[PDB]
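[1] Structure for the following, please:
(chains A, B, C, D, E and F, ligands or ions: 6)
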Amino acid sequence: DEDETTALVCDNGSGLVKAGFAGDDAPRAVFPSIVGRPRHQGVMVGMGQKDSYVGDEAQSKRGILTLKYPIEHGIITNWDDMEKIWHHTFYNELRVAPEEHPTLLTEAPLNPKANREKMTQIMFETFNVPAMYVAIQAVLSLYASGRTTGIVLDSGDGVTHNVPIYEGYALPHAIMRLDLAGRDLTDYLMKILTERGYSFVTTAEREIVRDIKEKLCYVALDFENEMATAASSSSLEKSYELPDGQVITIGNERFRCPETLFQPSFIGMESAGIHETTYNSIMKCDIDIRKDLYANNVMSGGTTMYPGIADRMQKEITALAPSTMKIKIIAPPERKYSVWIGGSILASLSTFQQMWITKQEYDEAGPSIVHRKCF
Amino acid sequence: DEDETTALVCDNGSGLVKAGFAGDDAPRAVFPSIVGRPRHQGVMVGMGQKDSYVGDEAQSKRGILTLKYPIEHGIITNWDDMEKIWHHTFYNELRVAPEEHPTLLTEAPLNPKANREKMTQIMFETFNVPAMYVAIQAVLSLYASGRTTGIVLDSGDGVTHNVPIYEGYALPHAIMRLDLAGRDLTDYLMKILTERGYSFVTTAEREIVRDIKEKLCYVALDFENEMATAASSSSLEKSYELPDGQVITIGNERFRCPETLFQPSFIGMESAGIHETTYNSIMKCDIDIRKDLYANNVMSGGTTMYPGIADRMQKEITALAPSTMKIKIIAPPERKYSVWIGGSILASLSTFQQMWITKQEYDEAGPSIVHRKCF
Amino acid sequence: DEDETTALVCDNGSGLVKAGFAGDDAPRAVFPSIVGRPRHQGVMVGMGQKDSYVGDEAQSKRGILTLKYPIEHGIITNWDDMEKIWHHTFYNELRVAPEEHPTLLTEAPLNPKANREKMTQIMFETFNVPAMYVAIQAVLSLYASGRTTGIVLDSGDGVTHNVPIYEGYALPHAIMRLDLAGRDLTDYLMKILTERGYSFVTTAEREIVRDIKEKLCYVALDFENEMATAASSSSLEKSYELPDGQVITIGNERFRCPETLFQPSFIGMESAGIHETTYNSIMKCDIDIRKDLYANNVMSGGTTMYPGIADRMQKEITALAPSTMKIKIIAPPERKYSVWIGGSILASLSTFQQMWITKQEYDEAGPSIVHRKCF
Amino acid sequence: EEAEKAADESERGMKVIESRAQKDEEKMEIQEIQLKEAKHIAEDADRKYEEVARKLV
Amino acid sequence: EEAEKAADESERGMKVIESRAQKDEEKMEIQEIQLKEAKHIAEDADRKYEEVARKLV
Amino acid sequence: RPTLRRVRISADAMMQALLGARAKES
Ligand SMILES: Nc1ncnc2c1ncn2[C@@H]1O[C@H](COP(=O)(O)OP(=O)(O)O)[C@@H](O)[C@H]1O
Ligand SMILES: Nc1ncnc2c1ncn2[C@@H]1O[C@H](COP(=O)(O)OP(=O)(O)O)[C@@H](O)[C@H]1O
Ligand SMILES: Nc1ncnc2c1ncn2[C@@H]1O[C@H](COP(=O)(O)OP(=O)(O)O)[C@@H](O)[C@H]1O
Ligand SMILES: [Mg+2]
Ligand SMILES: [Mg+2]
Ligand SMILES: [Mg+2]
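    Residues are numbered from 1 along each chain as shown, chains lettered A, B, ... in the order given. Ligands and ions are numbered 1, 2, ... in the order given. For reference, the structure is listed below:
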């Protein structure tokens, strides 16, 4: 299927795995990060004895399979799910073995050392891979953006990373990760819908309402004013049609769901909102480059697909920062895949072909030394 | 009958209504939450034309009246039954009108807004009440416990609420309700008794077996070991005498009925057992106070009247949590009425007499604004 | 409680307030410099309506109260916290009014004029105090040391001051302050522990790890060699038991945390390490007295309680300076309180009783003139 | 009658055994607090002694 | 029947609370042993520290 | 920064899937 000896770019982002060959502009195999395990034991004869579903095979059946998240906040919980999702991506979709081409994986900023050593060991010992490389997502996203300056805000599913890069220079001391993202928003919407009257307590419905949020939920331009005008609703409340057919009616809750990002007090945490944390990060940077960080801020992550985030960011930053300079916020189209796109354009360089880590040096050095070599 | 102008504490808990005047230590009018409706039409002349039985009048006759539950999982199904049970409690047992004293009602955590607005409207418009107040059960139970720290586990009849309160501080974000309680246990015992050989499919027998469970069913200290030793039964199986006289013989089923709480997989639901859900809730809290939540856990609800729950909780939590600290579980005597008791001691304070909601401000504001004022 | 009309020595050092009467050898009221503010709003009735916790009352509850630092790098951020901590120290611990005895406060070197004018105004206008006096910490520390020559290195919590004093002579031109201290070390340890795998993002955990550092973290005698020998750890890594019970395992990170002081490049700042800055300061002094500054260097600040600082200083200075002379470094026992101790022995002199500033002259002159009179 | 007598005896046993249990519990907290303080100061003393020994060397 | 119910519950209470009391007794003994050990170690550490301080002077 | 479009599906596979046996020269 592939006639070019190039690394397979597999972005294992929290919530959605995006795998594809280098050189492509979009991932071909896109599936959620979920593992379905048979809950009961059947006396039936003939069905697949497979004890571990994955991807679309699990999405197609969520009532029988108990759903487990292979990644939580960033820390890898179960490694069997890791081996399952890579083995599946290798021998069920791409139809190619890892013994013929490299593999450029993308990991989140500020992750545990155990996670890195574990994935590297599974990719070297178990699977025969000629060479591995771990890369931070923020750099590849800035590559795909086509710039060298700005602060990347990557909001995945269970973690949110703010990474400032000015003139290409990474700042490992200022990268601050906060576990507020799509899962805590799904939980907030679920508890407020339970407050509305429709109560559910199973994961399949949780994924359904997550999809409903992805499709409908947006960000408000003025929270309190929308609350007041929605008190007497007319066009502000919408009636959604569940894929099963049950008629759901959702009004203001939509534009109050992502608001939890701006007010973490809703989930009883002393952490500051994403905008205030980004602002504090900007103060932690130097003054000289602060204006450039204001003018080149970039966004990444699937959570940014909601309509109305750019305007909300502009008003909040204008209210926090002075209103004398110019603070333009740029969001490139299809930003979610941009990271992966970067991977593709990063795997075609010959120099990058010279910066890989082969098996033998890793085996003698050991995983810890490999951690030192990368950084 | 009453010479003190004090609020009537009426705990409308799922399964049992407990009504009484403030200041008392136990409810005087205790009756199940059931409504009996004439099934057939009689040509007889002279009997009561009353078309809606309630309470003991319905309990005394369960063969003629089709039984309907006025509350299911927490959501109020029929409001006519609501009006029936309050009108009955007012003009058949207490022998007092609501137009002379307040009324402190107790509602379950995380209930629908429609339920609250409906009950408040029936208590203001229809009935002339000088003042109303909705209160969460967990706070009053913690009051009656005589502490300010701990996680209250309230297991009613159709819903189970875990509510953490440390130093008197409520946590509305961590309260998670799960509809596993006495009704699902009655259903499990019924289907397993149908598996034993005695098959029934009517509600009167369901209430009878519910009473049998309340009287006999207990919690096991070691499920599998009791299963093995009960395989060859001697003193492990007991012969119960039905109030009608039929000789029933029940062995292991007893201590396997509440076990469904610890293994929801028996009812094919992905939800976790009560102990595991409580443990997860403890992780959702902060680490600093987790030890205090371990040392001050409190229980509430009629379902907790079974013998052997404290020990089972201790072994399960010890197996789940470390065994280095001290994890003492405290269950106050007569915990079931404790909630109501709290109501009594909450209605005698002058400050609480200042926190009531009179008719006029509710009428101008409307019910929704009243919801904002309470929380 | 006090029968002697003597000034109250209140050292308001960054991180720890140490208050006590003059003549004593140690502060009686020692509490951290933190202010806890109620985060949520409770519907509960009976708890203290106090809207501003302070000191041990806040330390006892860090999960409910959002923690704010009343001092940052040296510049006073919020003055309400200032009024809170003095009013608390006056009317909750010492049980004495400031209207009966003077007050000798200690401020950090090279502080803003706004800070001084503000504290003096709160101590004259609001509170009725017969007389105030601002004193630099370095002089009092040199007093407690019992000498007149040397360079005092005061490392507080958010600022580090190097102050050379030879033969009692202050050098206001050479005092250079650098905002590298315990908070930036706590941040470095936190980010490296997040790199280890245990990720936290709340202030309570930050204070906990700060205490863990104070208890365990030490300075290395040879950084690279300890890194090499710790690569294969045995006794170099230690397993600490969190006060909550979670088993933490910390190895080399300990003696790499304070190393950030010697290598500010870790936090991406062009500033030089504390030792190199002190060395540069010594070159800025005259050659004649440089040997005496080498032989009489003194240390101050709580941060100096770590084991291994004296030896590290000796090796670094020997590597930087010639190895022909004698460079003895002296650290008096209980140096942290020594400053406060000085205050005590400074408030008993009659001449110092003649160098106070009464209300009337300040009122006519105004605060700015008071600044001229002191220096 | 026989059952009531047995129940009364059991109740008296509850009162006395629970009272002893409460006492043992109080003793637990007291003993634990003293043990923790002693271990804390013992670890402190050991660390200071090792450090002053290094300084002596 | 009510008396028999009370008797059975009471017997179970006796077994569980007696187990609790015995566990408390073993824990008190263990805590006293640990306290004595910690106290002796602290005494030894203090003596060695005094000796080392004299030598250091 | 340029790239070659990836929705440009390869003609051989596309030709087979659209035509069947009619695709012989392409
Ligand atoms: N099309 C979409 N619309 C709205 N939200 C989305 C969409 N796709 C993903 N998300 C959200 O983004 C999160 C996953 O993002 P992720 O795939 O990790 O981004 P990235 O791959 O850029 O790291 C989930 O919480 C999900 O709710
Ligand atoms: N004496 C009892 N023994 C055992 N179970 C009981 C008893 N009383 C009530 N229950 C159970 O408790 C449930 C009802 O609890 P509820 O009255 O709602 O508690 P609360 O009033 O504390 O909320 C029912 O499912 C019932 O089976
Ligand atoms: N016992 C201790 N051990 C280690 N570090 C300490 C100790 N006490 C205080 N510190 C550190 O010192 C800093 C506060 O010092 P500070 O109280 O301002 O000193 P001073 O009062 O001499 O100015 C904090 O960063 C804290 O981490
Ligand atoms: Mg993302
Ligand atoms: Mg209950
Ligand atoms: Mg200091």
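[2] can I assume residue A:120 is in contact with residue A:134?
    Yes - using Cβ atoms under 8 Å, residue A:120 makes contact with residue A:134 at a distance of 7.3 Å. Every C-beta, even on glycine, is put in place using the N, C-alpha and C of the backbone.
[3] Can you name the residue of the stretch 201-350 of chain A nearest to ligand 4?
    Going by Cβ to the ion, ligand 4 is nearest to residue A:301 of the stretch 201-350 of chain A, at 3.0 Å.
[4] what residue is smack in the middle of chain A?
    Centroid check for chain A by Cα atoms, centre = their mean gives residue A:156 as the closest residue, at 2.7 Å.
[5] Surely it is in contact with residue A:12?
    No - using Cβ under 8 Å, residue A:156 makes no contact with residue A:12, being 10.7 Å away.
[6] so the closest residue to chain F within chain D is in which element?
    Nearest to chain F, among the residues of chain D, is residue D:47, at 58.5 Å (Cβ to the nearest Cβ). Secondary structure from DSSP states H and E places residue D:47 in helix D:2-56.
[7] can you tell if that helix touches ligand 3?
    No - using Cβ under 6 Å from any ligand atom, helix D:2-56 stays clear of ligand 3, coming no nearer than 10.7 Å.
[8] distance between that helix and the chain's centre?
    On the basis of Cα atoms, centre = their mean, to the nearest Å, helix D:2-56 sits 0 Å off its chain's mean C-alpha point.
[9] again with stretch A:85-100
    22 Å.
[10] Return the set of buried residues in that stretch.
    A:85, A:86, A:87, A:88, A:89, A:90, A:93, A:94, A:98 (16 or more other Cβ atoms under 10 Å in any protein chain shown).
[11] and which of those residues is nearest to ligand 5?
    residue A:85 (43.1 Å).
[12] list the contacts for the closest residue to that closest one other than its chain neighbours?
    Counting by Cβ to Cβ, 6 or more residues apart in numbering or on different chains, residue A:85 lies nearest to residue A:54, which is 5.8 Å off, once chain neighbours are set aside. Counting by Cβ atoms under 8 Å, 6 or more residues apart in numbering or on different chains, residue A:54 touches A:31, A:34, A:35, A:36, A:81, A:84, A:85, A:88.
[13] what bridges to the first one?
    The partner list for residue A:31 in beta bridges (DSSP bridges) reads residue A:17.
[14] returning to what we had before: can you lay out the buried residues of stretch A:85-100 as TSV showing secondary structure?
    Formatted as TSV, the buried residues of stretch A:85-100 follow (DSSP: H, G, I helix; E, B strand; the rest coil):
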residue	secondary structure
A:85	helix
A:86	helix
A:87	helix
A:88	helix
A:89	helix
A:90	helix
A:93	helix
A:94	coil
A:98	coil
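[15] Near chain F, which residues of chain A? Just list them.
    A:23, A:24, A:25, A:26, A:146, A:341, A:344, A:345 (Cβ under 8 Å from any Cβ of the partner chain).
[16] a markdown table for the residues you listed, including distance to residue D:13, neighbour count and secondary structure?
    Listed next are the residues of chain A next to chain F as a markdown table, based on distance: Cβ to Cβ, whole Å; neighbours: other Cβ atoms under 10 Å in any protein chain shown; DSSP: H, G, I helix; E, B strand; the rest coil:
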| residue | distance to residue D:13 | neighbour count | secondary structure |
| --- | --- | --- | --- |
| A:23 | 82 | 17 | coil |
| A:24 | 79 | 19 | coil |
| A:25 | 80 | 18 | coil |
| A:26 | 76 | 16 | coil |
| A:146 | 82 | 10 | coil |
| A:341 | 76 | 27 | helix |
| A:344 | 78 | 26 | helix |
| A:345 | 80 | 19 | helix |
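[17] Report the buried residues of stretch A:281-291.
    Neighbour counts over stretch A:281-291 (16+ other Cβ under 10 Å) mark A:281, A:282, A:284, A:285, A:289, A:290 as buried.
[18] Okay, the residue of chain D found nearest ligand 1 and residue B:288: tell me how far apart.
    Going by Cβ to the nearest ligand atom, ligand 1 is nearest to residue D:36 of chain D, at 44.4 Å. In this view, residue D:36 and residue B:288 are 18 Å apart by Cβ to Cβ, to the nearest Å.
[19] In space, what's closest to residue D:31 - neighbours in sequence excluded?
    Nearest residue to residue D:31, sequence neighbours excluded (Cβ to Cβ, 6+ apart): residue E:31, at 4.2 Å.
[20] isn't the one you found right up against residue D:29?
    No - Residue E:31 lies out of contact with residue D:29 (Cβ under 8 Å); the separation is 10.4 Å.
[21] who has more neighbours, those two?
    For residue E:31 versus residue D:29, neighbours defined as other Cβ atoms under 10 Å in any protein chain shown are more numerous around residue E:31 (17 against 10).
[22] Could I get the contacting residues of the more buried one?
    If you count contacts by Cβ under 8 Å, 6+ apart, then residue E:31 has D:28, D:31, D:32, D:35 around it.
[23] burial count for the first one?
    So that's residue D:28. Neighbour tally, residue D:28, other Cβ under 10 Å: 16.
[24] Just list the residues touching it, thanks.
    Residues near residue D:28 by Cβ under 8 Å, 6+ apart: B:326, E:24, E:27, E:28, E:31.
[25] cool, residue A:318 as well?
    Residues in contact with residue A:318 (Cβ under 8 Å, 6+ apart) are residue A:327.
[26] Can you say which helix or strand has it in it?
    Mapping residue A:318 onto the secondary structure by DSSP H and E places it in helix A:309-320.
[27] Could you see whether ligand 1 lies near that helix?
    No - using Cβ under 6 Å from any ligand atom, helix A:309-320 stays clear of ligand 1, coming no nearer than 10.6 Å.
[28] what about that helix, distance to the chain center?
    How far helix A:309-320 lies from its chain's middle: 22 Å, per Cα atoms, centre = their mean.
[29] List the buried residues of it.
    The neighbour-count check on helix A:309-320 (16+ other Cβ under 10 Å) flags A:309, A:312, A:313, A:316, A:317 as buried.
[30] try stretch A:219-231
    Residues A:219, A:220, A:223, A:226, A:230 are the ones in stretch A:219-231 that count as buried (16+ other Cβ under 10 Å).
[31] tell me which of the residues you listed is nearest to chain B?
    Proximity of these to chain B (Cβ to the nearest Cβ) peaks at residue A:230, which lies at 11.7 Å.
[32] So that closest one: helix, strand or coil?
    Using three-state DSSP, the secondary structure recorded for residue A:230 is helix.
[33] Hmm, residue A:223 and it touching each other?
    No - with contacts counted by Cβ under 8 Å, residue A:230 stays clear of residue A:223, the gap being 10.4 Å.
[34] what number of residues lie near residue A:148?
    For residue A:148, the count of nearby residues is 13 (other Cβ under 10 Å).
[35] mind checking the SS state of it?
    Residue A:148 - assigned by three-state DSSP - is coil.
[36] Can you tell me the element the residue lying closest to the residue of chain D closest to chain F once chain neighbours are set aside falls in?
    Of all residues beyond its chain neighbours, the one nearest residue D:47 is residue C:307 (7.6 Å), with distances taken as Cβ to Cβ, 6+ apart. For residue C:307, there is no enclosing helix or strand under DSSP H and E.
[37] Wait, residue C:307 touches residue C:219, no?
    Yes - with contact defined as Cβ under 8 Å, residue C:307 reaches residue C:219; the gap is 7.2 Å.
[38] which residues does the residue of the stretch 201-350 of chain A closest to ligand 4 contact?
    When the contact criterion is Cβ under 8 Å, 6+ apart, the partners of residue A:301 are A:153, A:154, A:155, A:156, A:160, A:181, A:335, A:336.
[39] Could you report the distance from it to residue A:16?
    For residue A:301, the distance to residue A:16 equals 10 Å [Cβ to Cβ].
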